[PDB]
Amino acid sequence: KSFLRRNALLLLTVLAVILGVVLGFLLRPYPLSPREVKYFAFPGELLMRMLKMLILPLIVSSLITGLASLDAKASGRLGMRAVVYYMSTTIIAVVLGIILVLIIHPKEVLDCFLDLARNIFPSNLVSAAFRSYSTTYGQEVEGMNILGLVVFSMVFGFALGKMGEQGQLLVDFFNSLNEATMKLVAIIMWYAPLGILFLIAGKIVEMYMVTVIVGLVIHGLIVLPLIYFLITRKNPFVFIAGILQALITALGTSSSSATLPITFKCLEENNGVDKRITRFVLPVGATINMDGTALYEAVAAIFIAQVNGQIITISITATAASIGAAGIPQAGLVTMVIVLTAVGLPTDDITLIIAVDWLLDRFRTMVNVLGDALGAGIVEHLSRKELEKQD
Amino acid sequence: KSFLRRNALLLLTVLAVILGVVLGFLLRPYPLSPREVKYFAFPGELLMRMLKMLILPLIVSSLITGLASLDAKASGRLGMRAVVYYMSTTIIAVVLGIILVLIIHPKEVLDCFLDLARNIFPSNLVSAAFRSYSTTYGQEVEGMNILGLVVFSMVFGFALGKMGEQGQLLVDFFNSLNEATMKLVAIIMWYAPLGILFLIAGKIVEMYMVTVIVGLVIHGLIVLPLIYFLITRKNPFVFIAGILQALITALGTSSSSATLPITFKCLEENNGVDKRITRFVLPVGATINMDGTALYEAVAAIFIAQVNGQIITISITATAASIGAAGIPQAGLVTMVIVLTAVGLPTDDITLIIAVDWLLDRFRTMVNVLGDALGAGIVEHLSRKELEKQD
Amino acid sequence: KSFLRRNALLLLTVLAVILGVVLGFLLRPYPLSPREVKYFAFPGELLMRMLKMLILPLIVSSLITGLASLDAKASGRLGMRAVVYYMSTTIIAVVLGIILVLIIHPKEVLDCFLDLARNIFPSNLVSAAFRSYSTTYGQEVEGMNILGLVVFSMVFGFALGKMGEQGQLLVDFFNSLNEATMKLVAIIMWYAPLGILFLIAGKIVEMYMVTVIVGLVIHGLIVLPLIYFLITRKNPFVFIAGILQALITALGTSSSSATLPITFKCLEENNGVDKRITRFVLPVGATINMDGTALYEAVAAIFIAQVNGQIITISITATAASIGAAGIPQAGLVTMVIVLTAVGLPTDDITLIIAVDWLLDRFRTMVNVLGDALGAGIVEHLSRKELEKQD
Ligand SMILES: COc1ccc([C@@H]2C(C#N)=C(N)OC3=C2C(=O)C[C@@H](c2cccc4ccccc24)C3)cc1
Ligand SMILES: COc1ccc([C@@H]2C(C#N)=C(N)OC3=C2C(=O)C[C@@H](c2cccc4ccccc24)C3)cc1
Ligand SMILES: COc1ccc([C@@H]2C(C#N)=C(N)OC3=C2C(=O)C[C@@H](c2cccc4ccccc24)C3)cc1
Ligand SMILES: [Ba+2]
Ligand SMILES: [Ba+2]
Ligand SMILES: [Ba+2]
Ligand SMILES: [Ba+2]
Ligand SMILES: [Ba+2]
Ligand SMILES: [Ba+2]
Ligand SMILES: [Rb+]
Ligand SMILES: [Rb+]
Ligand SMILES: [Rb+]
């Protein structure tokens, strides 16, 4: 009984998945038009709006205070520690992806690299808050430029750190805002159980597929906790238990950015991790992490090759696509088109994967959110001395 | 002579209506193309831009400071007092509308209720400042989402109230901004006489109509002041005299939001009403008040029924349309289309009402602005003890 | 050797022009599609994004602190001193333009004056940060409304000045932001040499022309320094030497707004000019200065007259076009269409000038930036007593 009283929301979100699968399977014979399905998935559609609302005033305030709270020289070194994790776990994921297709075996290319660079330095910051760039033959398309806001908030936040006296007012300003936008997220958390059940129920009512989920669950729950135990020497599945209210949301939302306001709450509260490092690792992680998506795209790129050397060129192109899709609508659907041009394979295969990606996209995010959460834990232990200096 | 010296602007705006009708009737034979009429109505078209400019930094700052200045528990109870007024005066207005058609007698329906809920929780706050949602088969259409900004500013303002120490800096920030955006409104007030005369003169040069204005003037100047005298026990037409510089602007602007920066000045200055309650009742009132529009739409919905039980379904649909039209262009023209689908009557009748609505829209706002102004007065008297606690 | 150590960036930007002309002429035979030329001009295309990013949080913060730091009554008088320079140098430029065509001799008109007034008072401030108005038969077109933001920031900044106590927090806020957005500009300055060489090299690879450059260099380097020596009595080409890192950028960027963040740094650092006057003269100057463009448009308007009284009507129309083009894409290309309607000459001549304007546009900005820089110097000397009062 004492477990039900403490972990009330945790069990309710678990109940939401159970009831969500039940309600979906109960209302599986569909005599209703897809127009009506959209009307049904509405109590979960509202949760998405509330979460996406909070993305921007969280991402901007997180990194502005994050880089200013952290010492000017220490910021640079702590970042190397984050990139050490971000590049290592990405190499293992793309390596695991080639292993899975070996034993089992079941817009332009150049423009994606240019558009990514075009977004790193935004032309306008007001536009950046709801518009991203991707050249077409308007090139500024709908959907937040989270890459441009993260990059600007890094240097802007750092500029305030090196400003000290004059810079103190604005850091106090974004810390107040980060705390306010986190007080709003404690409320949106209570709508989540009602949301999740109406969100996953709507999405169900519409061997290669298994290949991804097989390697996905082993990289997530075996490779990553082994990286935590190797560096921190602490129990990883106790840490994973803390971020459960964040992991369940990830399995429904499918967006690391939309789940970031909850990922922030779950890590700060349940796991007890320092805000300065969560504001540093988490926003960047939920935007440039390749672990989850690289493993999903690796099997997705060698699948059409079976129907039909230079493996290094396939991985780099699959990386420039996902970082290029920060908050872009139908992200995995449009990015997989460019990777097929680099390998020279038809786009006829995509029309089949879309019908099953809806569930696969939920799983790739669950690994990405675990990668960012564990990434923070690994960073804190490897930088415990740098935080002692500030106190 | 002493009246001319004190009430200089008040008489100038009165003179603007007189000269506006004269200039319009003097330049009534129109050999000029509607392109040229737009060029003539320009010195009043600028006033609209200046007022609409000020809407957003007023609405956001008003409710942020409003909910933070007011005590956390008292905010909830004071709101019940506002909703008591907002739901009672709306019931009387829709009741008076059915009475007027009894003696005299002269996008989907479901989507309007969904889009309203879709706007209450905005997906992005930067977009919300100039874009509203209304699904079409881009669904985000031009025009400020005043509903989404009011709702966000309520919870955000409240979050700062419950933040105290850290939250003090941001409340001091939006109070400075509210005072600054009010110092700009004292200036825009002097352009108003020159504006009003060129605005109403341009709009003229282009039994059922009388039915609305008959009940409109009796609900406004008879029903509402009786609600003031019943609760406050104070003289209502002395209060109405204070908000005259606001009532005249309403008769030209036709938008409660565009007139709100002046409605704020008229109530704070001439009537001497506490800023904490004006920042609480007025922004919400100038967005969710149904009094004026419900009385206009009630006669507009039973008029086509004469050409041709379930009266409850007509009223709720007419409510979801006007709240859905916060700052939407050609508001009364597009909303009246949905109400005809619920009753099952043709849209052929709208092509006739548009030619006379231009003057009828000015009258419905005049009652709505009086409803929000008197609403504040009724709220202050019913919550004088809650404000004493803060001092 | 001591000159290379101090003026490192100054010589690098000089080297960028030299190497930029060399690389362009080396890669002059073009077997590559214009699609590939765009890909080549990319390391300079990024510099433009970084600069344009900084325009808005510089322009808004500059004038907000500028009008608040300066005394309420002194602001009005110091402005007359700026307009004295802005109207005199414009009269001389349009006079010099008629002289050049005398010896050598080698949307509606009304709507441009209406749209300019429509932009001075913006309808929305969020939209103003990335959208300008210009009626077409959406009228709000892409590109920052720098006119509307300058005008709003003037009155808003002044409102804070007249607010004192409450207003102190927000002025401290925009001064922190101006200092932060200037700390970002010191970094973007180091990318400029790499940018300029890839920017001008790409633009090359694609008697009347000489007529503009002849009068342009004599008004810039002869007329303007004579205005400095007549008022300040100080050496002008020592001042011009200080703003060299700004003049070189102007010869590549072609936009006074995009070069303003560097024009600000060059004047504050190298020349040692007071921030209060740079925040006052420079943003306004880089938006309403007609010197450079009026001289270019004067020769451009009387050139087609040769192919084919009321000279006063041609000058005023050429003024309403350039102020109307603050941050509008293909500015000189669309504005020259309206001036031809007022004189009654065909638009067949524009198709030829576009092929050479790319270099002529770079020269007109170089004079405009020199006009704003020298304008500040002339203003400081004519208002040295007004700044002593504040200290
Ligand atoms: C492209 O995707 C990214 C962006 C950032 C990062 C690292 C990170 C994380 N996680 C965070 N929070 O800050 C910094 C990082 C650095 O490498 C460098 C570090 C830094 C230190 C000192 C001065 C800087 C100035 C500008 C930008 C970063 C700076 C900040 C990694 C990948
Ligand atoms: C949909 O249209 C509306 C929105 C608001 C209101 C009321 C109102 C007015 N007028 C204002 N200024 O504040 C609050 C109101 C409440 O009912 C509730 C009250 C409140 C109290 C305590 C905590 C809150 C937390 C979130 C939102 C409102 C809260 C605030 C009425 C209708
Ligand atoms: C249309 O293009 C422009 C806008 C501005 C200016 C002048 C200027 C410059 N440069 C700056 N920085 O401030 C002021 C100017 C005034 O003439 C007037 C001055 C001023 C003084 C006192 C109160 C004011 C209130 C509102 C606006 C300006 C005010 C400010 C000139 C042309
Ligand atoms: Ba990674
Ligand atoms: Ba410090
Ligand atoms: Ba009401
Ligand atoms: Ba308090
Ligand atoms: Ba000038
Ligand atoms: Ba002072
Ligand atoms: Rb996703
Ligand atoms: Rb209206
Ligand atoms: Rb230009």
# chains A, B, ... in the order shown; residues from 1 in each chain; ligands from 1

$ interface_residues --of "chain A" --to "chain C" --cutoff "9 Å" --atoms "only C-alpha atoms" --output "PyMOL selection string"
chain A and resi 110-111+114+117-118+121-127+155-157+159-160+163+166-170

$ residues_near_ligand --ligand "ligand 3" --cutoff "9 Å" --atoms "only C-alpha atoms and all ligand atoms" --output "ChimeraX atom specification"
/C:63,66-67,71-83,86,120,147,150-159,277-285,287-289,375-376

$ select_by_dssp --residues "range 10-213 of chain B" --states "helix (DSSP H, G or I)" --output "number ranges by chain"
B: 10-26, 34-40, 42-69, 72-103, 109-120, 125-128, 146-161, 168-183, 185-204, 208-213

$ write_last_selection --atoms "C-alpha atoms" --output "short mmCIF file (atom, residue, chain, number, x, y, z; two decimals), in the first residue's frame"
data_model
loop_
_atom_site.label_atom_id
_atom_site.label_comp_id
_atom_site.auth_asym_id
_atom_site.auth_seq_id
_atom_site.Cartn_x
_atom_site.Cartn_y
_atom_site.Cartn_z
CA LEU B 10 -13.71 63.46 -24.26
CA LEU B 11 -15.33 66.27 -26.27
CA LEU B 12 -12.85 65.83 -29.18
CA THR B 13 -13.81 62.12 -29.57
CA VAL B 14 -17.51 63.22 -29.41
CA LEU B 15 -16.68 65.86 -32.12
CA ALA B 16 -14.93 63.06 -34.12
CA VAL B 17 -18.23 61.06 -34.29
CA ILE B 18 -20.23 64.21 -35.30
CA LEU B 19 -17.64 65.31 -37.93
CA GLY B 20 -17.15 61.66 -38.95
CA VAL B 21 -20.85 61.26 -39.85
CA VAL B 22 -20.83 64.75 -41.56
CA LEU B 23 -17.65 64.12 -43.67
CA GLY B 24 -18.98 60.66 -44.62
CA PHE B 25 -22.40 62.00 -45.69
CA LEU B 26 -20.67 64.98 -47.46
CA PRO B 34 -12.97 50.82 -53.22
CA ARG B 35 -9.14 50.98 -53.63
CA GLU B 36 -9.43 54.80 -53.11
CA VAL B 37 -11.84 54.40 -50.10
CA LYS B 38 -9.09 52.35 -48.35
CA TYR B 39 -6.64 55.26 -49.07
CA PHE B 40 -9.14 57.70 -47.49
CA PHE B 42 -5.91 55.60 -43.73
CA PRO B 43 -5.62 58.21 -40.81
CA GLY B 44 -7.85 55.81 -38.79
CA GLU B 45 -6.17 52.65 -40.16
CA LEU B 46 -2.92 53.82 -38.46
CA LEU B 47 -4.74 54.10 -35.05
CA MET B 48 -5.73 50.40 -35.36
CA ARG B 49 -2.04 49.36 -35.94
CA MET B 50 -0.85 51.45 -32.88
CA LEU B 51 -3.60 49.87 -30.67
CA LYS B 52 -3.06 46.25 -31.93
CA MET B 53 0.71 46.75 -31.35
CA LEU B 54 -0.01 47.35 -27.62
CA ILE B 55 -2.55 44.43 -27.22
CA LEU B 56 0.05 41.62 -26.69
CA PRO B 57 2.58 43.37 -24.29
CA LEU B 58 -0.47 44.54 -22.28
CA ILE B 59 -2.45 41.20 -22.16
CA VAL B 60 0.71 39.14 -21.19
CA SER B 61 2.02 41.62 -18.54
CA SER B 62 -1.50 42.30 -17.13
CA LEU B 63 -2.26 38.68 -16.14
CA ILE B 64 1.37 37.80 -15.16
CA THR B 65 1.45 40.59 -12.52
CA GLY B 66 -2.30 40.23 -11.83
CA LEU B 67 -2.20 36.59 -10.67
CA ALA B 68 1.15 37.12 -8.83
CA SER B 69 0.07 40.30 -6.90
CA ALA B 72 -2.48 32.14 -4.34
CA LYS B 73 -5.73 31.02 -2.54
CA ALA B 74 -7.53 34.39 -2.97
CA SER B 75 -6.87 34.29 -6.79
CA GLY B 76 -9.00 31.14 -7.08
CA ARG B 77 -11.92 32.61 -5.11
CA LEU B 78 -11.80 36.07 -6.82
CA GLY B 79 -11.98 34.23 -10.17
CA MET B 80 -15.23 32.47 -9.10
CA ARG B 81 -16.62 36.02 -8.55
CA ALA B 82 -15.61 36.96 -12.12
CA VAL B 83 -17.15 33.71 -13.62
CA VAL B 84 -20.32 34.40 -11.47
CA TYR B 85 -20.67 37.68 -13.46
CA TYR B 86 -19.48 36.15 -16.83
CA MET B 87 -22.05 33.27 -16.76
CA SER B 88 -25.03 35.20 -15.27
CA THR B 89 -24.92 38.18 -17.72
CA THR B 90 -24.47 35.66 -20.62
CA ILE B 91 -27.63 33.67 -19.54
CA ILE B 92 -29.68 36.96 -19.40
CA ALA B 93 -28.35 38.07 -22.85
CA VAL B 94 -29.24 34.76 -24.61
CA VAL B 95 -32.65 34.85 -22.73
CA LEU B 96 -33.29 38.48 -23.91
CA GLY B 97 -32.41 37.40 -27.49
CA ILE B 98 -35.15 34.70 -27.62
CA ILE B 99 -37.64 37.30 -26.14
CA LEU B 100 -36.85 39.82 -28.97
CA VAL B 101 -37.65 37.24 -31.74
CA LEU B 102 -40.84 35.98 -29.93
CA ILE B 103 -42.85 39.28 -29.81
CA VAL B 109 -19.63 21.97 -35.71
CA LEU B 110 -17.49 19.51 -33.64
CA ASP B 111 -14.23 21.10 -35.00
CA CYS B 112 -15.06 24.53 -33.42
CA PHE B 113 -15.12 22.90 -29.96
CA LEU B 114 -11.85 21.02 -30.76
CA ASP B 115 -10.01 24.08 -32.22
CA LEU B 116 -11.01 26.12 -29.08
CA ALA B 117 -9.39 23.44 -26.87
CA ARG B 118 -6.44 23.31 -29.32
CA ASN B 119 -5.88 27.07 -28.78
CA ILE B 120 -6.29 27.07 -24.93
CA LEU B 125 4.32 30.78 -27.49
CA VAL B 126 6.25 32.85 -30.14
CA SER B 127 3.73 31.66 -32.81
CA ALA B 128 0.80 32.31 -30.31
CA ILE B 146 -5.19 35.92 -27.34
CA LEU B 147 -6.90 32.84 -25.72
CA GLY B 148 -3.60 30.90 -25.56
CA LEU B 149 -1.60 33.90 -24.25
CA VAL B 150 -4.26 34.73 -21.53
CA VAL B 151 -4.30 31.04 -20.37
CA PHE B 152 -0.46 30.74 -20.40
CA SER B 153 0.01 34.16 -18.65
CA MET B 154 -2.50 33.02 -15.94
CA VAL B 155 -0.59 29.84 -14.92
CA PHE B 156 2.83 31.47 -15.60
CA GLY B 157 1.84 34.53 -13.50
CA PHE B 158 0.54 32.21 -10.77
CA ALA B 159 3.79 30.14 -10.90
CA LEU B 160 5.71 33.35 -10.05
CA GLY B 161 3.29 34.08 -7.18
CA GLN B 168 9.96 38.66 -7.48
CA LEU B 169 12.36 39.77 -10.30
CA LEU B 170 10.06 38.69 -13.17
CA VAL B 171 6.86 40.21 -11.57
CA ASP B 172 8.84 43.49 -11.12
CA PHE B 173 9.76 43.01 -14.85
CA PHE B 174 6.14 42.67 -16.21
CA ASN B 175 4.87 45.47 -13.91
CA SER B 176 7.58 47.78 -15.37
CA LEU B 177 6.50 46.62 -18.87
CA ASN B 178 2.75 47.08 -18.05
CA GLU B 179 3.52 50.64 -16.84
CA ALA B 180 5.66 51.31 -19.98
CA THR B 181 2.99 49.91 -22.39
CA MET B 182 0.47 52.17 -20.51
CA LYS B 183 2.70 55.26 -20.92
CA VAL B 185 -1.25 54.31 -24.58
CA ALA B 186 -1.60 57.89 -23.13
CA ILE B 187 0.00 59.14 -26.44
CA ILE B 188 -2.07 56.87 -28.85
CA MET B 189 -5.13 58.42 -27.10
CA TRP B 190 -4.37 61.82 -28.71
CA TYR B 191 -4.33 60.31 -32.25
CA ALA B 192 -7.75 58.69 -31.53
CA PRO B 193 -9.95 61.82 -32.34
CA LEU B 194 -8.20 62.21 -35.78
CA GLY B 195 -8.45 58.42 -36.20
CA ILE B 196 -12.14 57.88 -35.26
CA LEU B 197 -13.40 60.56 -37.76
CA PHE B 198 -11.44 59.01 -40.70
CA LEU B 199 -12.36 55.45 -39.55
CA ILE B 200 -16.19 55.71 -39.27
CA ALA B 201 -16.42 58.05 -42.35
CA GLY B 202 -14.78 55.40 -44.54
CA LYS B 203 -16.98 52.54 -43.22
CA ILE B 204 -20.27 54.36 -44.09
CA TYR B 208 -34.32 42.90 -38.51
CA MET B 209 -31.27 45.25 -38.15
CA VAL B 210 -33.29 47.45 -35.72
CA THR B 211 -34.32 44.28 -33.71
CA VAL B 212 -30.69 43.78 -32.47
CA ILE B 213 -30.01 47.50 -31.58
#

$ residues_around --residues "range 338-355 of chain B" --least-positions-apart "6" --cutoff "9 Å" --atoms "only C-alpha atoms" --output "PyMOL selection string"
chain B and resi 107-109+112+206+209+300-301+304-305+308+310+313-314+317-318+321+332

$ atom_distance --atom1 "CA of residue 136 in chain A" --atom2 "CA of residue 33 in chain C"
16.3 Å

$ decode --residues "range 203-223 of chain A" --atoms "N, CA and C atoms" --output "CSV table (one decimal), in the first residue's frame"
chain,number,residue,atom,x,y,z
A,203,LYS,N,-3.0,5.7,-32.2
A,203,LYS,CA,-1.9,5.3,-33.1
A,203,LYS,C,-1.9,3.8,-33.5
A,204,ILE,N,-2.5,3.0,-32.7
A,204,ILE,CA,-2.6,1.5,-33.1
A,204,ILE,C,-3.7,1.4,-34.1
A,205,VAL,N,-4.9,2.1,-34.0
A,205,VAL,CA,-6.0,2.0,-34.8
A,205,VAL,C,-5.7,2.9,-36.1
A,206,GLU,N,-5.2,2.3,-37.1
A,206,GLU,CA,-4.8,2.9,-38.4
A,206,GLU,C,-5.5,2.3,-39.6
A,207,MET,N,9.6,-9.5,-39.7
A,207,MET,CA,10.9,-10.0,-39.3
A,207,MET,C,11.9,-8.9,-39.3
A,208,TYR,N,11.9,-8.0,-40.3
A,208,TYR,CA,12.8,-6.8,-40.3
A,208,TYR,C,12.5,-5.8,-39.2
A,209,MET,N,11.2,-5.7,-38.9
A,209,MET,CA,10.7,-4.8,-37.8
A,209,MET,C,11.2,-5.3,-36.4
A,210,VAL,N,11.3,-6.6,-36.2
A,210,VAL,CA,11.8,-7.2,-35.0
A,210,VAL,C,13.3,-7.0,-34.9
A,211,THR,N,14.0,-7.0,-36.0
A,211,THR,CA,15.5,-6.8,-36.1
A,211,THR,C,16.0,-5.6,-35.4
A,212,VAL,N,15.2,-4.5,-35.5
A,212,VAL,CA,15.5,-3.2,-34.9
A,212,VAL,C,15.4,-3.3,-33.4
A,213,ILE,N,14.1,-3.6,-32.9
A,213,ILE,CA,13.7,-3.8,-31.5
A,213,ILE,C,14.6,-4.8,-30.7
A,214,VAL,N,15.2,-5.8,-31.4
A,214,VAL,CA,16.1,-6.8,-30.9
A,214,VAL,C,17.4,-6.1,-30.4
A,215,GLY,N,18.1,-5.4,-31.3
A,215,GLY,CA,19.3,-4.7,-31.1
A,215,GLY,C,19.1,-3.4,-30.3
A,216,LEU,N,17.9,-2.8,-30.4
A,216,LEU,CA,17.5,-1.6,-29.7
A,216,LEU,C,17.4,-1.8,-28.2
A,217,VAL,N,16.8,-2.9,-27.7
A,217,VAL,CA,16.6,-3.2,-26.3
A,217,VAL,C,18.0,-3.6,-25.7
A,218,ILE,N,18.9,-4.3,-26.5
A,218,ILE,CA,20.1,-4.7,-26.0
A,218,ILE,C,21.2,-3.6,-25.9
A,219,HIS,N,21.1,-2.6,-26.8
A,219,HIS,CA,22.0,-1.4,-26.7
A,219,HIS,C,21.6,-0.5,-25.6
A,220,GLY,N,20.2,-0.4,-25.4
A,220,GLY,CA,19.6,0.4,-24.4
A,220,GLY,C,19.8,-0.1,-23.0
A,221,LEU,N,19.3,-1.3,-22.7
A,221,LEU,CA,19.3,-2.0,-21.4
A,221,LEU,C,20.6,-2.9,-21.1
A,222,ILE,N,21.5,-3.0,-22.0
A,222,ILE,CA,22.7,-3.8,-21.7
A,222,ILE,C,24.0,-3.0,-21.9
A,223,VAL,N,24.2,-2.3,-23.1
A,223,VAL,CA,25.4,-1.5,-23.5
A,223,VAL,C,25.5,-0.3,-22.6
